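Each answer follows from the model by the rule given with it, or from the source it names; no laboratory instrument gave them. Neighbour counts are summed over all protein chains in view; Cβ atoms, including those assigned to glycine, are modelled from backbone coordinates with ideal geometry.
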Amino acid sequence: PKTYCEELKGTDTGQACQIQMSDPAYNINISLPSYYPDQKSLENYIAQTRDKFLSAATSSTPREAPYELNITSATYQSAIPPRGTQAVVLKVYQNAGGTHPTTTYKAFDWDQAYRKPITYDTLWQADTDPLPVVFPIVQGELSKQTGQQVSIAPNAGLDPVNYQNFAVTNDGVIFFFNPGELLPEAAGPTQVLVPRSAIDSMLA
């Protein structure tokens, strides 16, 4: 019931897998729920994520004192005749030394039926169009709320800021970016949901 994190210097907290280690000028605390297929994706990514953030503070960032990475993901799953798909969105925000403001939440899509994640080869399709697909309920409930559906701004609400990252479920693929008011630069990244039957075949 583990992945990288286990050997990644892992610490146990229960329904989490944690890697907390800090160097003489920075810090890393990162968590993975028991089973995230190829978390190797984030945690390979952290090698990538945090190095990039510390990567800048290796020169001149308001580093509180040294540097740190807080990161942790949640998985989701698609529903297709045989199983479906899996995507896990990490809470990873880090700052150089406390003070360099740096935040992002990252999720990824992996194939559920074949135990296989997808890459930019066929993960990005540049057949890329709007992502209001989560938005329907938000207004749809609104439609409950005022008996009608309104206008919600995408960085004002395209997608649940309750999410935070590329979270593709059987209902869609919610993609996140960090803007100003769908969870500002302080709350993390915004997100826009892409068509489930539409964008997957529209992957790559």
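Within the stretch 63-74, restricting attention to residues that are touching a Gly at 6+ places or on another chain (Cβ under 7 Å) and not hydrophobic (A, V, I, L, M, F, W, C), which residue is surrounded by the fewest Cβ atoms within 10 Å (Cβ to Cβ)?
Going through the qualifying residues, I end up with 64.
Go through (1) touching a strand residue (DSSP E or B) at 6+ places or on another chain (Cβ under 8 Å); (2) within 26 Å of residue 70 (Cα to Cα); (3) among the aromatic types (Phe, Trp, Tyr) and name the single condition residue 120 misses.
(1)
Take the stretch 1-58 and flag every residue that is in contact with a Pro (Cβ under 9 Å, 6 or more places away or on another chain), in a helix (DSSP H, G or I) and under 20 Å from residue 76 (Cβ atoms).
Of everything in the stretch 1-58, those that are in contact with a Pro (Cβ under 9 Å, 6 or more places away or on another chain), in a helix (DSSP H, G or I) and under 20 Å from residue 76 (Cβ atoms) turn out to be 40, 41.
Taking the options 86, 77, name whichever one is surrounded by fewer than 19 Cβ atoms within 10 Å (Cβ to Cβ), closer than 25 Å to residue 33 by Cβ and not assigned by CATH to the domain that holds residue 191. It would help to see each step written out before you state the result.
Numbers: 86 fails: surrounded by fewer than 19 Cβ atoms within 10 Å (Cβ to Cβ).
Sole residue among the options that is surrounded by fewer than 19 Cβ atoms within 10 Å (Cβ to Cβ), closer than 25 Å to residue 33 by Cβ and not assigned by CATH to the domain that holds residue 191: 77.
Tell me, which residue of the stretch 89-119 that is in a loop (DSSP other than H, G, I, E, B) and among the hydrophobic types (A, V, I, L, M, F, W, C) is surrounded by the fewest Cβ atoms within 10 Å (Cβ to Cβ)?
Filtering the stretch 89-119 for residues that are in a loop (DSSP other than H, G, I, E, B) and among the hydrophobic types (A, V, I, L, M, F, W, C), the one surrounded by the fewest Cβ atoms within 10 Å (Cβ to Cβ) comes out as 113.
Scan the stretch 39-60 and report the pairs whose first residue is touching a residue at least 12 places away in the same chain (Cβ under 8 Å) and outside the structural domain of residue 21 (by CATH) and whose second residue is of a type in the set (A, V, I, L, M) and not in a helix (DSSP H, G or I), with Cβ atoms within less than 6 Å and a gap of 6+ or a chain change.
If the second residue must be of a type in the set (A, V, I, L, M) and not in a helix (DSSP H, G or I), no pairs are left.
Take residue 174 and decide whether it is surrounded by 13 or more Cβ atoms within 10 Å (Cβ to Cβ), β-branched (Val, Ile, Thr) and over 18 Å from residue 202 (Cα atoms).
No: the conditions fail for residue 174.
Out of all the residues in the stretch 120-140, which are assigned to a loop (DSSP other than H, G, I, E, B) and among the polar types (S, T, N, Q)? Let's see the steps before the verdict.
Kept after step one, since they are assigned to a loop (DSSP other than H, G, I, E, B), are these residues of the stretch 120-140: 120-131, 133-134.
The answer is 122, 125, 128.
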